[PDB]
Amino acid sequence: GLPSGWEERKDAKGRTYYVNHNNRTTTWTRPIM
Amino acid sequence: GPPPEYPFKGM
């Protein structure tokens, strides 16, 4: 699925976003690699 | 608007 250290989650409106546990950031953008 | 913030307690 996702590259190492990354987690897929959902916000309060059900919208998918991504959690970067390597650098402690979040983004709407799915990581490519 | 932005996504939820990183969960800082999880650090």
Side-chain angles (χ1 to χ4, degrees):
Chain A
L2 288 168
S4 173
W6 284 77
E7 171 189 17
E8 179 182 331
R9 293 197 66 75
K10 300 328 163 173
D11 81 350
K13 282 184 177 163
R15 299 179 302 180
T16 290
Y17 73 103
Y18 298 92
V19 184
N20 176 356
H21 297 282
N22 304 304
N23 307 115
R24 319 293 174 175
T25 59
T26 61
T27 181
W28 296 117
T29 303
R30 187 182 180 86
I32 297 170
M33 46 172 89
Chain B
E5 295 269 313
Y6 190 91
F8 289 115
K9 255 191 191 183
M11 289 180 50

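Chain A is the first sequence line, chain B the second, and so forth, proteins listed ahead of strands; every chain is numbered from 1.
Here the side chain of A/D11 pairs a donor or acceptor atom with the backbone of A/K13 at under 3.5 angstrom.
Closest approach of B/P3 and A/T26 over heavy atoms only: CG-OG1, 3.7 Å.
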Quick one: do A/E8 and A/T16 satisfy side chain to side chain contact (heavy atoms under 4.5 Å, CB included)? Show the steps, please. CA-CA 7 Å; A/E8 179 182 331; A/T16 290; 3.8 Å; yes

Starting from the C-alpha separation in whole Å, work towards a yes-or-no answer on side chain to side chain contact (heavy atoms under 4.5 Å, CB included) for A/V19 and A/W6. CA-CA 6 Å; A/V19 184; A/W6 284 77; over 6 Å; no

Before giving the answer on side chain to side chain contact (heavy atoms under 4.5 Å, CB included), spell out for A/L2 and A/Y18 the whole-Å C-alpha distance, their side-chain angles and the decisive distance to 0.1 Å. CA-CA 9 Å; A/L2 288 168; A/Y18 298 92; 4.0 Å; yes

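The CZ atom of B/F8 sits 10.0 Å away from the CZ atom of A/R24 when rounded to the nearest 0.5 Å. With values rounded to the nearest 0.5 angstrom, A/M33 atom CE is found 14.5 Å from A/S4 atom OG.
Between A/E7 and A/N20, the closest side-chain pair of non-hydrogen atoms is not below 4.5 Å. Side-chain contact between A/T27 and A/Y17: absent, with no pair of heavy atoms (C-beta onward) separated by less than 4.5 Å. A/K10 is not listed as a side-chain neighbour of A/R15, based on a closest heavy-atom distance of 4.5 Å or more.
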